[PDB]
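Residue numbers (my numbering): 11 to 289. See below for the structure under consideration.
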Amino acid sequence: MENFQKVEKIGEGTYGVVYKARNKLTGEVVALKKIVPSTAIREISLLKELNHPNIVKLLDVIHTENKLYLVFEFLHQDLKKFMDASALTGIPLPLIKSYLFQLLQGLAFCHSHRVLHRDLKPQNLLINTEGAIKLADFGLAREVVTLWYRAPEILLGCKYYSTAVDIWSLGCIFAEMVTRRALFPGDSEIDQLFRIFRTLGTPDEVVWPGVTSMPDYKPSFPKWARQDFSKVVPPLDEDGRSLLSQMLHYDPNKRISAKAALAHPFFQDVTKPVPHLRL
Ligand SMILES: Brc1cnn2c(NCc3cccnc3)cc(-c3ccccc3)nc12
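What follows is the structure in structure tokens.
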């Protein structure tokens, strides 16, 4: 740790403080996360090999004094801050599409390696001046924590959920980019679940076979009717709404995969614009 000079706290991750820092040696500017069980060390060690242009690079893993420090590549801005900055006119559709496309590429990569993120949220989607967007904290899961992006199968007590939970989260973020308001801003697990039911309809055996057997499912759940996506994410076009609908499928087995999503017609005209970043 004496090999780094802390420049500033750049947030408070779900595992500890995150600092912009400088390598007192090479002068390199990095993101330093302060998080030990052997399982943790081995698993994290695998993460150092999971390299892709849309995944924030894990430079080094420092274990000292029973302390765990993760050294990452540094990115100047996160998607929450950017959405807040583009709140007046909204993020241009071509840039939303680009970002969604890139994130789907990062997801497809991780998923092909059986690595899940599990906690995707605007705060951990990082952007740079070149129009790149990257996933931060991938594989780590394996201040109130936000439930807004949590998949229904997790909320219903599914113990062995899979890659589909990340597609759900990314669907919620896509919607938020488009409308400029959180899709399902729950402030408790039941509030989150009910916000989802009120919009997508209370799930049942017809749309989600086996849902009624889920650990936390209750027959006493109110039965709300599903809303039209046209009302949910105006003025997203038909391609966008169609893709969104597939990313928000209740059944995790019906939920579109990242790889399939990349082939959706929505991306037919994808480009890579440059955002205006005021650092
Ligand atoms: Br790895 C990592 C590399 N950059 N980075 C950033 N940079 C964005 C930024 C830069 C400068 C000032 N404020 C924000 C934020 C978070 C993060 C992730 C989760 C929660 C909080 C922060 N993790 C990282």
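Using N, Cα and C, we set each Cβ at its ideal position, and we do this for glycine too.
Might you give, ordered along the chain, the residues of its own chain that have their beta carbon closer than 6 angstroms to the beta carbon of residue i, omitting 5 neighbours on each side?
i, result
"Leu85", "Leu136, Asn138"
"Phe111", "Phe277, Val280"
"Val217", "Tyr260"
"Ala151", "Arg128, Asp129"
"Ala174", "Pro262, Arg265"
"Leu289", "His86"
"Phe207", "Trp234"
"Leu157", "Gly196, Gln202"
In the DSSP output, what is residue i paired with across the bridge?
i, result
"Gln87", "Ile137"
"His62", "None; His62 has no bridge partner."
"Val71", "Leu80"
"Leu145", "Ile65, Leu135"
"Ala41", "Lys30, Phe82"
"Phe14", "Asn33"
"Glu22", "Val27"
Under 7 angstroms Cβ to Cβ from residue i, same chain only, skipping five residues before and after it: list those, please.
i, result
"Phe239", "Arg251, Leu254, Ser255"
"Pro275", "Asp249"
"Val71", "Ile54, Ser55, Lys58, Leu80"
"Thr24", "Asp129, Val155"
"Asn76", "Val46"
"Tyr171", "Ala161, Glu163, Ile164, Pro262"
"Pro104", "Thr281, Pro283"
"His123", "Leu60"
For ligand 1, I want to know if residue i counts as a neighbour, meaning its beta carbon is within less than 7 angstroms of at least one of the ligand's heavy atoms.
i, result
"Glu38", "no"
"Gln15", "no"
"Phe111", "no"
"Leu114", "no"
"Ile72", "no"
"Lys34", "no"
"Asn138", "no"
"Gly23", "yes"
"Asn134", "yes"
"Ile20", "yes"
"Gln87", "yes"
"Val28", "yes"
"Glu83", "yes"
"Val155", "no"
"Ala50", "no"
"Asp94", "no"
"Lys233", "no"
Report all residues from its chain with a CB closer than 8 angstroms to the CB of residue i; omit the five preceding and five following residues, and keep chain order.
i, result
"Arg236", "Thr209, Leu210, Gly211"
"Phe92", "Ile101, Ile137, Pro285, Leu287"
"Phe82", "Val40, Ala41, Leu42, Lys43, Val66, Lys67, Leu68, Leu69, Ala146"
"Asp226", "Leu165, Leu166, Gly167"
"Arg205", "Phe194, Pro195, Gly196"
Measure the beta-carbon distance from residue i to residue j and round it to whole angstroms, keeping in mind my assumption that it falls under 8 angstroms.
i, j, result
"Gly21", "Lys44", "Rounded, the Cβ-Cβ distance is 12 angstroms, inconsistent with contact."
"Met257", "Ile177", "5 angstroms"
"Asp88", "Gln133", "5 angstroms"
"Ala270", "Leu117", "Their Cβ separation, rounded to whole angstroms, is 11 angstroms, which puts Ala270 and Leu117 out of contact at 8 angstroms."
"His73", "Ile106", "Not really, about 39 angstroms apart at Cβ, beyond 8 angstroms."
"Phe148", "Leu69", "Rounded, the Cβ-Cβ distance is 14 angstroms, inconsistent with contact."
"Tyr260", "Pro162", "6 angstroms"
"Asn13", "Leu35", "6 angstroms"
"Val188", "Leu114", "In fact, because the Cβ distance is near 15 angstroms, the residues do not count as touching under 8 angstroms."
Mind checking if residue i is an interface residue toward chain B, Cβ cutoff 8 angstroms exclusive?
i, result
"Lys144", "Going by chain labels, chain B is absent from the structure shown, which holds only one protein chain."
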